[PDB]
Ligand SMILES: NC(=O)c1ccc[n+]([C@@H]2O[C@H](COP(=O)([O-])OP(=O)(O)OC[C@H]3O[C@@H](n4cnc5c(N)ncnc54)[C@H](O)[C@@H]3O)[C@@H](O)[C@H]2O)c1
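The chain that follows stands alone, in the form deposited without this ligand, written as structure tokens.
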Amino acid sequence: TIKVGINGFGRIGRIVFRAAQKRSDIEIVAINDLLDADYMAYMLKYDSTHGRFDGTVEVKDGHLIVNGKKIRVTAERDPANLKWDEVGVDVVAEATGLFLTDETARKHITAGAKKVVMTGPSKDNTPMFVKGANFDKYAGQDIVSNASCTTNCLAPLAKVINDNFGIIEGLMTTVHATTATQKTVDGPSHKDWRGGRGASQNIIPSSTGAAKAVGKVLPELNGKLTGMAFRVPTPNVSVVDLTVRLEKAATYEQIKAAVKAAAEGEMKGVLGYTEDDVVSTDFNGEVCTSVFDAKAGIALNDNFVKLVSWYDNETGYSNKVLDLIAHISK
């Protein structure tokens, strides 16, 4: 089993923890964040969005005993003072959103661990690997990024579509659920004015690097797609609205079949497929990072279509982070 340590017990940090519980190939051994041990236990036991932790969790000696296994708990504002080696940590799930560059994240290896998986997109040249898009391109790097929730949703779908009919050009919009980055009421956001407005009262036009980021994980699409977002008043689960221009004519039935095939083979577990009358809450807890909504999309013609794909921006992404930890441990 790969020994994992989590840095930053935010939403991603905690769901990565929860999802890791059902996997045998991995084990969380330590958690670092500026939070008491008993506070961490509370944030783990109860989840407004995901329900009560399915298992046992207790505080003993300022550390955690989750599901009977001991979890080293620390609190270092600095990543180099983490003695990961002491707890025998192989990979570190960098989930604080603070150390998204080789320079900063390297300190984990400096601090005693082998590899670092950033739970966010790289701020520098650190490679981004997205399951179902380019895991096969992993070249043994020791510091990697798993991109963002949105890219993990769009990347797989874009690959299928591009690979089967060829994407000439595409523009996407993601109707994204509220995040911890937003505000309850009109607050301060110096680098993003719209982003500061009351989250629950508005449809907030936002930006996203996903589309372009996809051009990096699937270079063949570099410069081919771009997009934006719309933050809406929901606690979790978002949807990508991909409008593309196809090279090869393809009926909607042909696109539904190409996607369903991937969802059932090469991309099983990453890409999902559905023909049901689903809504966002029907995916809260969804592990597939991209679930194609057959009935939701619309084709104007065989070369201009609109595709719709769901994703639990929390559970899906978090599970894949663990898929990447396993992959680079292969």
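For every residue, the number given is its place in the sequence shown, counted from 1.
As for the form solved in complex with this ligand, it is not shown, yet the points below apply to it.
- Considering this ligand in the entry with it bound, the lone stretch of 96-104, 127-135, 218-226, 159-167 in range is 96-104 [heavy atom distance within 4.5 Å].
- Residue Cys149 is the only one of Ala155, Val89, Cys149, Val116 with a heavy atom lying within 4.5 Å of this ligand in the entry with it bound.
- Remark: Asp293 does not count among the residues lining this ligand in the entry with it bound, judged by a heavy atom distance of 4.5 Å or less.
- Under a 4.5 angstroms non-hydrogen atom cutoff, this ligand in the entry with it bound lacks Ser309 among its neighbouring residues.
- By the criterion of a heavy atom within 4.5 Å, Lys248 is excluded from the residues contacting this ligand in the entry with it bound.
- Taking non-hydrogen atoms only, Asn313 approaches this ligand to within 4.5 angstroms in the entry with it bound.
- Contact residues in stretch 10-25 (any heavy atom within 4.5 Å of this ligand, taken in the entry with it bound) are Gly10, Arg11, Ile12, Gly13.
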